[PDB]
Amino acid sequence: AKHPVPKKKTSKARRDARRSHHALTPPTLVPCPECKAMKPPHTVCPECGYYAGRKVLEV
Amino acid sequence: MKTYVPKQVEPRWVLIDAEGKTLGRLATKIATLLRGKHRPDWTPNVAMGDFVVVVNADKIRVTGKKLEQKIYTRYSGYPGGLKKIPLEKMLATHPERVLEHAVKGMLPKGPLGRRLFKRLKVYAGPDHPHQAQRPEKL
Amino acid sequence: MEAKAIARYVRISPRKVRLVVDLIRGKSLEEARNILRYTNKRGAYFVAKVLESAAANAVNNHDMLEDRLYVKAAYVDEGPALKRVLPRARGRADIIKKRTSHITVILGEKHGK
Amino acid sequence: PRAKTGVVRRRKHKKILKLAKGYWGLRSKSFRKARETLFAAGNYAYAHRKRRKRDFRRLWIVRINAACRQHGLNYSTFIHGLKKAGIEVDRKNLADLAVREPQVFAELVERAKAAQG
Amino acid sequence: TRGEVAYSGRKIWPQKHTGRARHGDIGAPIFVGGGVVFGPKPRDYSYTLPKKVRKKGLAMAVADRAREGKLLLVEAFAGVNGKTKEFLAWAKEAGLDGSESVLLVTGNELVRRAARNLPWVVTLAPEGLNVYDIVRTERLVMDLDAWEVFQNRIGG
RNA sequence: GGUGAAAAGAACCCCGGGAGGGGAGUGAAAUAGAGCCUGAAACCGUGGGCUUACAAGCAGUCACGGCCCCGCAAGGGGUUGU
RNA sequence: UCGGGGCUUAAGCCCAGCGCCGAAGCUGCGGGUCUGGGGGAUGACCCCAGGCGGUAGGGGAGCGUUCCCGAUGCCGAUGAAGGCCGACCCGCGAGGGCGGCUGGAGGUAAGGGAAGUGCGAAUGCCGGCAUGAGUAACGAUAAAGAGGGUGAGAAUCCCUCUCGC
RNA sequence: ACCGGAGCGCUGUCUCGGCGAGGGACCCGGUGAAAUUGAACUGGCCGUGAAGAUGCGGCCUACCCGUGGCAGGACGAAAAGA
RNA sequence: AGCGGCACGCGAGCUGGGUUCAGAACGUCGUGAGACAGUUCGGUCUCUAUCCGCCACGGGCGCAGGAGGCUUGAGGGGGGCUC
């Protein structure tokens with residue numbers, strides 16, 4: 001509600017495209033050695049672990 | 001009845017001179033050939049008009065002072081981008097253009113008018129890629 | 001067979017959850033499980049839970065064995081819209097909408113013979 | 001006497017909508033945009049009918065000319081002969097004998113330049 | 001009309017820099033509950049029709065039924081003591097089927113007591129023997145007196 | 001404003017904090033499931049048929065080509081390269 | 001930049017002959033329509049001639065809707081009214097029949113009649129859903145950091161330590 | 001705390017701007033409006049046109065869609081022109 | 001120490017000093033309220049760019065085997081002074 005105001009409606013397809021380069025994005029996982037599950041890369045899993053795996057006190 | 005529709009016709013290559021011919025008079029013909037308009041089986045919407053390879057363009061002739069006179073313009077979107085080269089220098093550097101040009105504006109323009117220009121392959125020479133038929137003409 | 005579990009009458013606007021769904025659309029239970037564990041949109045919680053309940057039907061009802069379970073159709077169709085008012089000055093009470101959606105995961109089985 | 005319209009209008013609009021159903025843009029689901037577009041479409045249909053006439057007249061005459069030169073010479077002459085012969089038809093439509101069965105044609109060519117060539 | 005609304009008479013908007021429309025009361029027709037235009041009102045349709053003309057109506061109409069041969073002047077209906085079944089048996093006997101209505105022109109109320117209930121017998125009486133009912137019905141089952149009514153009615 | 005003829009208005013197991021759902025079960029019907037009869041359009045979804053990454057537009061018209069689905073034929077509908 | 005192109009005994013200018021193109025104009029074939037005439041008592045129906053761009057606007061006809069006479073009747077649970085689908089039929093049309101799907105109890109022919117009747121628009125009235133835009137903003141620049149705890153779920157709640165206004 | 005003229009000192013007012021600041025802007029997640037909106041499939045030149053065009057002729061540049069950024073134009077939005 | 005065009009270029013880019021708002025006065029005309037190409041002092045340029053266009057930057061596809069690495073110059077832009 002000031003100077004710049006859309007002059008004529010935006011067509012559905014346009015909305016679509018603006019959101020074409022949008023859209024959701026995949027995750028990516030890595031195998032946990034000395035364990036058996038998935039973790040983010042170089043991270044630690046409270047179910048798996050790093051070297052030695054500090055914590056891992058899941059009930 | 002219902003007027004006839006050529007099926008997938010084979011593309012007949014040709015070959016024309018260059019040297020000695022008048023620049024414009026040439027295309028006039030050449031053009032027609034690029035389309036099916038010589039063919040007794042022409043059709044607007046298909047482009048089956050003869051692949052015209054051309055030899056020794058560099059020796060195209062033309063009338064009057066057009067050698068010097070005639071100006072080949074080119075304008076980038078940049079303000080002041082108008083560059084006008086003369087027929088003269090246009091012979092000297094990449095002369096093949098001059099034909100291809102005189103030509104390219106004797107076709108129509110819808111997406112196939114340019115498909116047709118691809119159906120044309122001049123050289124300044126003779127020489128060409130002897131691919132096949134290309135029966136000389138006149 | 002197949003396994004139906006809809007998420008009717010649920011908070012959050014479509015676009016967001018519509019985005020959440022299409023990422024996992026048509027995949028394994030194990031797979032999508034691990035995906036949901038590591039995706040960053042509250043949809044993650046919602047879709048994951050409703051997907052798990054979609055698997056829950058296929059356990060004690062229709063039964064197609066959990067091993068074979070693959071995901072079909074997950075659509076997320078908009079519901080109504082919550083209508084509230086916005087503190088915009090100069091005398092105008094704007095209108096604001098907290099939308100609601102319909103996540104619908106249907107996970108069938110592996111083979112068909 | 002509740003002269004309540006009813007649904008009448010919705011039905012009529014359904015008609016014209018179905019008439020336009022297919023076009024690109026909301027004009028395929030807008031029962032007013034559909035109307036305007038439709039208007040254009042119909043007037044177009046009429047014009048394109050008379051235009052269809054001279055269109056195909058032309059195309060015929062095109063292959064006729066090119067093939068005429070292929071055998072002997074120009075279309076103008078060809079026809080002029082056919083006329084100053086007695087061939088009170090040839091049927092520009094079916095002048096396209098050149099298309100299928102060039103023998104017929106070339107014979108009529110002989111008859112053409114014979115007429116008054 | 002639009003005038004009778006328990007509503008305002010004061011313009012809701014300015015009349016210029018509103019940005020909106022340009023109106024006033026919510027009793028105008030173009031709004032929601034706002035009144036209608038020239039329509040729903042208490043209007044009697046009745047009019048005047050010349051004597052003799054419409055008189056002839058009866059005449060003509062009644063006379064037309066005499067071309068249609070369905071009428072008679074029973075001096076007395078044997079359905080004495082207004083019971084349905086009496087005049088019913090009398091109907092069967094006098095040639096009254098069960099599928100032709102009775103503008104039953106006649107005058108004794110006891111007779112029409114039975115006819116006051118028959119469902120293919122409107123029971124028409126004489127003091128208001130009318131053309132419309134003559135057309136929708138079937139039986140000039142007149143007593144002599146009803147015909148005296150139809151007689152004195154004309155007089156020309 | 002309106003479930004249904006009638007509350008017979010959903011026990012029980014299932015996942016889930018619930019929310020809500022999946023059978024069970026209710027009735028002729030639960031696509032009558034609780035502001036629920038009947039569910040137009042705008043309206044945003046989802047699957048599939050056609051088409052689109054040299055391409056100039058009041059967006060369709062007309063014809064030619066091809067792709068899919070129809071049809072016993074001949075014919076058709078849908079689509080759009082030109 | 002003559003529209004362009006390209007043309008220099010011309011594809012320019014002038015002048016002569018013939019040809020062809022090319023308009024919805026005109027010829028033909030077919031159906032409608034209107035005026036006159038004729039056959040037909042013949043209404044119907046056919047032959048013939050001539051008109052049929054068109055805003056305001058004048059004349060003629062018709063489709064449809066809401067209710068009444070028609071209705072103590074006619075239609076209908078084997079299924080009314082809408083609703084959805086359509087490449088069939090009839091009418092120039094507006095519509096009507098048909099059929100498939102839906103739905104659940106009203107509907108009304110032929111003939112007449114009574115009218116709040118036919119929407120695309122009035123920065124028109126109400127209601128609904130979008131557009132921008134997953135963008136601007138999410139309220140003071142005094143400011144937050146960690147430990148444990150509750151819990152299905154802790155930046156956002158609570159106990160402690162630390163910082164700052 | 002009213003309008004000029006002058007002079008000193010002083011100073012990023014200027015020559016002429018360069019870094020630095022934190023906070024907004026930009027990327028992650030939670031929430032998420034507005035005016036305007038005939039429909040759009042929206043480059044340019046040169047003419048035209050009711051006289052100032054992506055839509056018309058002639059004739060134009062450039063694959064398809066986006067992010068940040070500027071503001072000439074859409075006779076830009078808000079004012080049924082004071 | 002050129003002249004001129006482009007809405008006598010440019011306020012969705014700035015300024016608002018000049019301008020033709022309401023105050024007041026000044027010279028001034030009018031019996032007068034008020035008015036005067038006559039003057040004077042003050043006085044609110046509206047954060048969010050939808051499409052085009054421009055400048056930088058990417059994602060997809062492309063190039064009729066699949067990957068790296070090094071190139072070629074179509075066309076276009078800049079640079080051209082001067083004591």
# chains A, B, ... in the order shown; residues from 1 in each chain; ligands from 1
>>> select_by_dssp(residues="range 23-154 of chain E", states="alpha helix (DSSP H)", output="ChimeraX atom specification")
/E:51-67,84-94,111-115,131-136,144-154
>>> interface_residues(of="chain I", to="chain A", cutoff="7 Å", atoms="only C-alpha atoms (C1' of nucleotides)", output="list in words")
residues 12, 46, 49, 50 and 59 of chain I
>>> interface_residues(of="chain H", to="chain A", cutoff="6 Å", atoms="only C-alpha atoms (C1' of nucleotides)", output="PDB file with N, CA and C atoms (P, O5', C5', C4', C3', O3' and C1' of nucleotides), in the first residue's frame")
ATOM      1  P     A H  34      -4.428  -9.165   2.538  1.00  0.00           P
ATOM      2  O5'   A H  34      -4.124  -7.665   2.105  1.00  0.00           O
ATOM      3  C5'   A H  34      -4.619  -6.578   2.868  1.00  0.00           C
ATOM      4  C4'   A H  34      -3.770  -5.354   2.668  1.00  0.00           C
ATOM      5  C3'   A H  34      -3.670  -4.854   1.239  1.00  0.00           C
ATOM      6  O3'   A H  34      -4.771  -4.037   0.872  1.00  0.00           O
ATOM      7  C1'   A H  34      -1.520  -4.889   2.251  1.00  0.00           C
ATOM      8  P     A H  35      -5.985  -4.624  -0.006  1.00  0.00           P
ATOM      9  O5'   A H  35      -6.232  -3.516  -1.119  1.00  0.00           O
ATOM     10  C5'   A H  35      -6.450  -2.167  -0.754  1.00  0.00           C
ATOM     11  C4'   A H  35      -5.303  -1.297  -1.185  1.00  0.00           C
ATOM     12  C3'   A H  35      -5.109  -1.157  -2.684  1.00  0.00           C
ATOM     13  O3'   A H  35      -5.937  -0.139  -3.226  1.00  0.00           O
ATOM     14  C1'   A H  35      -3.018  -1.556  -1.609  1.00  0.00           C
ATOM     15  P     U H  36      -7.211  -0.490  -4.138  1.00  0.00           P
ATOM     16  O5'   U H  36      -6.563  -0.965  -5.514  1.00  0.00           O
ATOM     17  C5'   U H  36      -5.587  -0.168  -6.168  1.00  0.00           C
ATOM     18  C4'   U H  36      -4.652  -0.999  -7.014  1.00  0.00           C
ATOM     19  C3'   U H  36      -5.307  -1.921  -8.030  1.00  0.00           C
ATOM     20  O3'   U H  36      -5.630  -1.245  -9.231  1.00  0.00           O
ATOM     21  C1'   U H  36      -3.643  -3.107  -6.830  1.00  0.00           C
ATOM     22  P     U H  37      -6.924  -1.666 -10.080  1.00  0.00           P
ATOM     23  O5'   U H  37      -6.663  -3.195 -10.423  1.00  0.00           O
ATOM     24  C5'   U H  37      -5.626  -3.568 -11.319  1.00  0.00           C
ATOM     25  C4'   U H  37      -5.422  -5.063 -11.348  1.00  0.00           C
ATOM     26  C3'   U H  37      -6.642  -5.905 -11.674  1.00  0.00           C
ATOM     27  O3'   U H  37      -6.954  -5.914 -13.057  1.00  0.00           O
ATOM     28  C1'   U H  37      -5.477  -6.868  -9.853  1.00  0.00           C
ATOM     29  P     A H  77      -2.021   4.043 -12.078  1.00  0.00           P
ATOM     30  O5'   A H  77      -2.512   3.497 -10.662  1.00  0.00           O
ATOM     31  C5'   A H  77      -2.446   2.110 -10.367  1.00  0.00           C
ATOM     32  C4'   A H  77      -2.168   1.861  -8.907  1.00  0.00           C
ATOM     33  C3'   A H  77      -2.995   2.679  -7.934  1.00  0.00           C
ATOM     34  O3'   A H  77      -4.291   2.152  -7.736  1.00  0.00           O
ATOM     35  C1'   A H  77      -0.731   2.766  -7.292  1.00  0.00           C
TER      36        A H  77
END
>>> interface_residues(of="chain D", to="chain B", cutoff="10 Å", atoms="only C-alpha atoms", output="PyMOL selection string")
chain D and resi 56+59-60+62-70+93-94+96+98-100+102
>>> write_last_selection(atoms="N, CA, C and O atoms", output="PDB file, in the first residue's frame")
ATOM      1  N   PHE D  56      -7.304 -22.130 -50.364  1.00  0.00           N
ATOM      2  CA  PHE D  56      -7.068 -23.371 -51.090  1.00  0.00           C
ATOM      3  C   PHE D  56      -7.062 -23.165 -52.600  1.00  0.00           C
ATOM      4  O   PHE D  56      -6.271 -23.822 -53.301  1.00  0.00           O
ATOM      5  N   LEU D  59      -3.428 -22.317 -53.045  1.00  0.00           N
ATOM      6  CA  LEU D  59      -2.460 -23.426 -52.914  1.00  0.00           C
ATOM      7  C   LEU D  59      -2.468 -24.342 -54.152  1.00  0.00           C
ATOM      8  O   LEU D  59      -1.396 -24.661 -54.745  1.00  0.00           O
ATOM      9  N   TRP D  60      -3.684 -24.733 -54.543  1.00  0.00           N
ATOM     10  CA  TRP D  60      -3.892 -25.386 -55.829  1.00  0.00           C
ATOM     11  C   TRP D  60      -3.070 -24.664 -56.890  1.00  0.00           C
ATOM     12  O   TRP D  60      -2.139 -25.236 -57.478  1.00  0.00           O
ATOM     13  N   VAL D  62      -0.683 -22.689 -56.829  1.00  0.00           N
ATOM     14  CA  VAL D  62       0.750 -22.773 -56.583  1.00  0.00           C
ATOM     15  C   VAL D  62       1.346 -24.029 -57.217  1.00  0.00           C
ATOM     16  O   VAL D  62       2.226 -23.935 -58.102  1.00  0.00           O
ATOM     17  N   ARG D  63       0.884 -25.206 -56.782  1.00  0.00           N
ATOM     18  CA  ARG D  63       1.503 -26.418 -57.338  1.00  0.00           C
ATOM     19  C   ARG D  63       1.289 -26.489 -58.840  1.00  0.00           C
ATOM     20  O   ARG D  63       2.161 -26.965 -59.585  1.00  0.00           O
ATOM     21  N   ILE D  64       0.133 -25.983 -59.267  1.00  0.00           N
ATOM     22  CA  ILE D  64      -0.203 -25.887 -60.684  1.00  0.00           C
ATOM     23  C   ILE D  64       0.837 -25.094 -61.476  1.00  0.00           C
ATOM     24  O   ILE D  64       1.268 -25.515 -62.553  1.00  0.00           O
ATOM     25  N   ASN D  65       1.228 -23.944 -60.937  1.00  0.00           N
ATOM     26  CA  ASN D  65       2.194 -23.086 -61.601  1.00  0.00           C
ATOM     27  C   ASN D  65       3.556 -23.744 -61.674  1.00  0.00           C
ATOM     28  O   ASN D  65       4.164 -23.826 -62.751  1.00  0.00           O
ATOM     29  N   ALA D  66       4.030 -24.212 -60.521  1.00  0.00           N
ATOM     30  CA  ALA D  66       5.366 -24.798 -60.453  1.00  0.00           C
ATOM     31  C   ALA D  66       5.514 -25.992 -61.395  1.00  0.00           C
ATOM     32  O   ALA D  66       6.517 -26.118 -62.110  1.00  0.00           O
ATOM     33  N   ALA D  67       4.505 -26.860 -61.403  1.00  0.00           N
ATOM     34  CA  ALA D  67       4.533 -28.030 -62.276  1.00  0.00           C
ATOM     35  C   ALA D  67       4.364 -27.651 -63.751  1.00  0.00           C
ATOM     36  O   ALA D  67       4.947 -28.280 -64.645  1.00  0.00           O
ATOM     37  N   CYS D  68       3.555 -26.625 -63.993  1.00  0.00           N
ATOM     38  CA  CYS D  68       3.402 -26.074 -65.329  1.00  0.00           C
ATOM     39  C   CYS D  68       4.756 -25.657 -65.902  1.00  0.00           C
ATOM     40  O   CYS D  68       5.071 -25.965 -67.053  1.00  0.00           O
ATOM     41  N   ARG D  69       5.554 -24.955 -65.101  1.00  0.00           N
ATOM     42  CA  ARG D  69       6.906 -24.586 -65.523  1.00  0.00           C
ATOM     43  C   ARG D  69       7.796 -25.810 -65.656  1.00  0.00           C
ATOM     44  O   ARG D  69       8.664 -25.867 -66.528  1.00  0.00           O
ATOM     45  N   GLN D  70       7.571 -26.783 -64.777  1.00  0.00           N
ATOM     46  CA  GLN D  70       8.311 -28.037 -64.817  1.00  0.00           C
ATOM     47  C   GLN D  70       8.215 -28.702 -66.191  1.00  0.00           C
ATOM     48  O   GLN D  70       9.229 -29.113 -66.761  1.00  0.00           O
ATOM     49  N   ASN D  93      -9.299 -26.422 -58.608  1.00  0.00           N
ATOM     50  CA  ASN D  93      -9.313 -27.512 -57.644  1.00  0.00           C
ATOM     51  C   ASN D  93      -8.622 -28.752 -58.201  1.00  0.00           C
ATOM     52  O   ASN D  93      -7.543 -29.118 -57.743  1.00  0.00           O
ATOM     53  N   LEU D  94      -9.231 -29.383 -59.201  1.00  0.00           N
ATOM     54  CA  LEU D  94      -8.625 -30.559 -59.821  1.00  0.00           C
ATOM     55  C   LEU D  94      -7.706 -30.197 -60.981  1.00  0.00           C
ATOM     56  O   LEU D  94      -7.432 -31.029 -61.845  1.00  0.00           O
ATOM     57  N   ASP D  96      -4.916 -29.727 -60.176  1.00  0.00           N
ATOM     58  CA  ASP D  96      -3.818 -30.450 -59.541  1.00  0.00           C
ATOM     59  C   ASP D  96      -3.584 -31.868 -60.065  1.00  0.00           C
ATOM     60  O   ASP D  96      -3.010 -32.697 -59.368  1.00  0.00           O
ATOM     61  N   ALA D  98      -1.478 -32.425 -61.985  1.00  0.00           N
ATOM     62  CA  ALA D  98      -0.027 -32.389 -61.964  1.00  0.00           C
ATOM     63  C   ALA D  98       0.488 -33.129 -60.748  1.00  0.00           C
ATOM     64  O   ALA D  98       1.519 -33.788 -60.803  1.00  0.00           O
ATOM     65  N   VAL D  99      -0.244 -33.010 -59.650  1.00  0.00           N
ATOM     66  CA  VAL D  99       0.120 -33.683 -58.416  1.00  0.00           C
ATOM     67  C   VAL D  99       0.160 -35.189 -58.625  1.00  0.00           C
ATOM     68  O   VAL D  99       1.205 -35.815 -58.460  1.00  0.00           O
ATOM     69  N   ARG D 100      -0.980 -35.759 -58.998  1.00  0.00           N
ATOM     70  CA  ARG D 100      -1.072 -37.191 -59.235  1.00  0.00           C
ATOM     71  C   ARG D 100      -1.490 -37.467 -60.673  1.00  0.00           C
ATOM     72  O   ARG D 100      -2.589 -37.088 -61.078  1.00  0.00           O
ATOM     73  N   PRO D 102       0.941 -37.080 -63.932  1.00  0.00           N
ATOM     74  CA  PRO D 102       1.508 -35.977 -64.713  1.00  0.00           C
ATOM     75  C   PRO D 102       1.290 -36.159 -66.205  1.00  0.00           C
ATOM     76  O   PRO D 102       1.430 -35.199 -66.960  1.00  0.00           O
TER      77      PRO D 102
END
>>> select_by_dssp(residues="range 47-92 of chain C", states="strand (DSSP E)", output="mmCIF file with N, CA and C atoms, in the first residue's frame")
data_model
loop_
_atom_site.group_PDB
_atom_site.id
_atom_site.type_symbol
_atom_site.label_atom_id
_atom_site.label_comp_id
_atom_site.auth_asym_id
_atom_site.auth_seq_id
_atom_site.Cartn_x
_atom_site.Cartn_y
_atom_site.Cartn_z
ATOM 1 N N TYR C 70 5.704 -49.963 0.889
ATOM 2 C CA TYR C 70 6.209 -48.797 0.155
ATOM 3 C C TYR C 70 5.143 -47.708 0.142
ATOM 4 N N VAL C 71 5.556 -46.448 0.033
ATOM 5 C CA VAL C 71 4.601 -45.338 0.081
ATOM 6 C C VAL C 71 3.991 -44.911 -1.263
ATOM 7 N N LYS C 72 2.661 -44.937 -1.325
ATOM 8 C CA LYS C 72 1.907 -44.284 -2.390
ATOM 9 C C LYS C 72 1.174 -43.072 -1.789
ATOM 10 N N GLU C 78 -5.675 -28.461 1.096
ATOM 11 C CA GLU C 78 -6.003 -27.423 2.075
ATOM 12 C C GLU C 78 -7.356 -27.631 2.747
ATOM 13 N N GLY C 79 -7.430 -27.288 4.030
ATOM 14 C CA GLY C 79 -8.694 -27.230 4.737
ATOM 15 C C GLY C 79 -9.191 -25.799 4.760
ATOM 16 N N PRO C 80 -9.990 -25.444 5.775
ATOM 17 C CA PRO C 80 -10.424 -24.054 5.940
ATOM 18 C C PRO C 80 -9.266 -23.113 6.271
ATOM 19 N N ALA C 81 -9.596 -21.974 6.869
ATOM 20 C CA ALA C 81 -8.601 -20.963 7.201
ATOM 21 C C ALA C 81 -9.018 -20.197 8.444
ATOM 22 N N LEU C 82 -8.099 -20.098 9.400
ATOM 23 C CA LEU C 82 -8.357 -19.372 10.633
ATOM 24 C C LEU C 82 -8.321 -17.879 10.346
ATOM 25 N N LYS C 83 -9.384 -17.179 10.734
ATOM 26 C CA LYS C 83 -9.472 -15.745 10.488
ATOM 27 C C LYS C 83 -9.182 -14.887 11.729
ATOM 28 N N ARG C 84 -8.080 -14.143 11.679
ATOM 29 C CA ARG C 84 -7.730 -13.238 12.766
ATOM 30 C C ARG C 84 -7.545 -11.821 12.224
ATOM 31 N N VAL C 85 -7.379 -10.861 13.134
ATOM 32 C CA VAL C 85 -7.227 -9.455 12.763
ATOM 33 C C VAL C 85 -5.820 -8.931 13.088
ATOM 34 N N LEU C 86 -5.342 -7.981 12.287
ATOM 35 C CA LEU C 86 -3.949 -7.538 12.344
ATOM 36 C C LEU C 86 -3.812 -6.077 12.775
#
>>> residues_around(residues="range 44-52 of chain A", least_positions_apart="5", cutoff="9 Å", atoms="only C-alpha atoms (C1' of nucleotides)", output="VMD selection string")
chain A and resid 32 to 39 57 to 58
>>> interface_residues(of="chain F", to="chain C", cutoff="8 Å", atoms="only C-alpha atoms (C1' of nucleotides)", output="list in words")
residues 14, 15, 16, 19, 20, 21, 22, 23, 44, 45 and 46 of chain F
>>> interface_residues(of="chain E", to="chain H", cutoff="9 Å", atoms="only C-alpha atoms (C1' of nucleotides)", output="NGL selection string")
:E and (16-17 or 19)
>>> write_last_selection(atoms="N, CA, C and O atoms", output="short mmCIF file (atom, residue, chain, number, x, y, z; two decimals), in the first residue's frame")
data_model
loop_
_atom_site.label_atom_id
_atom_site.label_comp_id
_atom_site.auth_asym_id
_atom_site.auth_seq_id
_atom_site.Cartn_x
_atom_site.Cartn_y
_atom_site.Cartn_z
N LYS E 16 -17.14 11.14 -1.43
CA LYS E 16 -16.08 11.52 -2.35
C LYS E 16 -14.81 10.73 -2.05
O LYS E 16 -14.64 9.62 -2.57
N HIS E 17 -13.95 11.27 -1.19
CA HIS E 17 -12.65 10.66 -0.88
C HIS E 17 -12.74 9.37 -0.06
O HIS E 17 -11.74 8.93 0.51
N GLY E 19 -13.12 6.46 -1.24
CA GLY E 19 -12.40 5.43 -1.96
C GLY E 19 -13.35 4.32 -2.34
O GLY E 19 -13.17 3.65 -3.36
#
>>> interface_residues(of="chain F", to="chain B", cutoff="10 Å", atoms="only C-alpha atoms (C1' of nucleotides)", output="PyMOL selection string")
chain F and resi 54-56+64-65+81-82
>>> write_last_selection(atoms="N, CA, C and O atoms (P, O5', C5', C4', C3', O3' and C1' of nucleotides)", output="PDB file, in the first residue's frame")
ATOM      1  P     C F  54      14.274 -25.005 -28.073  1.00  0.00           P
ATOM      2  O5'   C F  54      15.251 -24.068 -28.901  1.00  0.00           O
ATOM      3  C5'   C F  54      15.165 -22.656 -28.755  1.00  0.00           C
ATOM      4  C4'   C F  54      14.689 -22.009 -30.024  1.00  0.00           C
ATOM      5  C3'   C F  54      14.948 -22.840 -31.278  1.00  0.00           C
ATOM      6  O3'   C F  54      13.915 -22.581 -32.235  1.00  0.00           O
ATOM      7  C1'   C F  54      16.118 -20.803 -31.430  1.00  0.00           C
ATOM      8  P     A F  55      12.417 -23.140 -31.995  1.00  0.00           P
ATOM      9  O5'   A F  55      11.730 -22.048 -31.056  1.00  0.00           O
ATOM     10  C5'   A F  55      10.864 -21.035 -31.571  1.00  0.00           C
ATOM     11  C4'   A F  55      10.298 -20.200 -30.446  1.00  0.00           C
ATOM     12  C3'   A F  55      10.169 -18.697 -30.691  1.00  0.00           C
ATOM     13  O3'   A F  55       9.010 -18.295 -31.403  1.00  0.00           O
ATOM     14  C1'   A F  55      11.318 -19.036 -28.680  1.00  0.00           C
ATOM     15  P     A F  56       9.006 -16.867 -32.154  1.00  0.00           P
ATOM     16  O5'   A F  56       8.236 -15.893 -31.159  1.00  0.00           O
ATOM     17  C5'   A F  56       6.811 -15.906 -31.098  1.00  0.00           C
ATOM     18  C4'   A F  56       6.238 -14.532 -30.842  1.00  0.00           C
ATOM     19  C3'   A F  56       5.945 -13.679 -32.083  1.00  0.00           C
ATOM     20  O3'   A F  56       4.809 -12.854 -31.821  1.00  0.00           O
ATOM     21  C1'   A F  56       7.428 -12.525 -30.681  1.00  0.00           C
ATOM     22  P     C F  64      -6.980 -30.577 -43.895  1.00  0.00           P
ATOM     23  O5'   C F  64      -5.401 -30.400 -43.812  1.00  0.00           O
ATOM     24  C5'   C F  64      -4.562 -30.938 -44.820  1.00  0.00           C
ATOM     25  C4'   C F  64      -3.121 -30.959 -44.383  1.00  0.00           C
ATOM     26  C3'   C F  64      -2.735 -32.013 -43.360  1.00  0.00           C
ATOM     27  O3'   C F  64      -2.617 -33.335 -43.849  1.00  0.00           O
ATOM     28  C1'   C F  64      -1.856 -29.965 -42.673  1.00  0.00           C
ATOM     29  P     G F  65      -2.956 -34.544 -42.844  1.00  0.00           P
ATOM     30  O5'   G F  65      -1.584 -34.785 -42.068  1.00  0.00           O
ATOM     31  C5'   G F  65      -0.342 -34.789 -42.761  1.00  0.00           C
ATOM     32  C4'   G F  65       0.808 -34.528 -41.823  1.00  0.00           C
ATOM     33  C3'   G F  65       0.833 -35.402 -40.580  1.00  0.00           C
ATOM     34  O3'   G F  65       1.397 -36.679 -40.794  1.00  0.00           O
ATOM     35  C1'   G F  65       1.047 -33.169 -39.927  1.00  0.00           C
ATOM     36  P     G F  81       3.004 -26.946 -30.096  1.00  0.00           P
ATOM     37  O5'   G F  81       3.781 -27.417 -31.405  1.00  0.00           O
ATOM     38  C5'   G F  81       5.098 -27.950 -31.329  1.00  0.00           C
ATOM     39  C4'   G F  81       5.573 -28.411 -32.683  1.00  0.00           C
ATOM     40  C3'   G F  81       5.506 -27.365 -33.787  1.00  0.00           C
ATOM     41  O3'   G F  81       6.643 -26.521 -33.825  1.00  0.00           O
ATOM     42  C1'   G F  81       4.465 -29.347 -34.528  1.00  0.00           C
ATOM     43  P     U F  82       6.453 -24.933 -33.964  1.00  0.00           P
ATOM     44  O5'   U F  82       5.795 -24.750 -35.401  1.00  0.00           O
ATOM     45  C5'   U F  82       6.491 -25.188 -36.555  1.00  0.00           C
ATOM     46  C4'   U F  82       5.590 -25.292 -37.758  1.00  0.00           C
ATOM     47  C3'   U F  82       4.964 -24.002 -38.239  1.00  0.00           C
ATOM     48  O3'   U F  82       5.881 -23.235 -38.996  1.00  0.00           O
ATOM     49  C1'   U F  82       3.404 -25.807 -38.359  1.00  0.00           C
TER      50        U F  82
END
>>> atom_distance(atom1="CA of residue 119 in chain E", atom2="CA of residue 141 in chain E")
16.6 Å
>>> residues_around(residues="residue 27 in chain C", least_positions_apart="5", cutoff="12 Å", atoms="only C-alpha atoms (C1' of nucleotides)", output="list in words")
residues 21, 22, 32, 33, 34, 35, 36, 51, 68, 69, 70, 71, 72, 73, 74, 105, 106, 107, 108, 109 and 110 of chain C
>>> closest_atom_pairs(of="chain D", to="chain F", cutoff="8 Å", atoms="only C-alpha atoms (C1' of nucleotides)", output="CSV")
residue,atom,partner,partner_atom,distance
D:23,CA,F:60,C1',7.9
D:24,CA,F:59,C1',7.1
D:37,CA,F:60,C1',7.3
D:40,CA,F:60,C1',7.2
D:41,CA,F:61,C1',5.7
D:42,CA,F:61,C1',7.8
D:44,CA,F:61,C1',5.0
D:45,CA,F:61,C1',5.7
D:48,CA,F:62,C1',5.8
D:49,CA,F:62,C1',7.5
D:52,CA,F:62,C1',6.8
>>> residues_around(residues="residue 40 in chain A", least_positions_apart="4", cutoff="7 Å", atoms="only C-alpha atoms (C1' of nucleotides)", output="PyMOL selection string")
chain A and resi 28-30
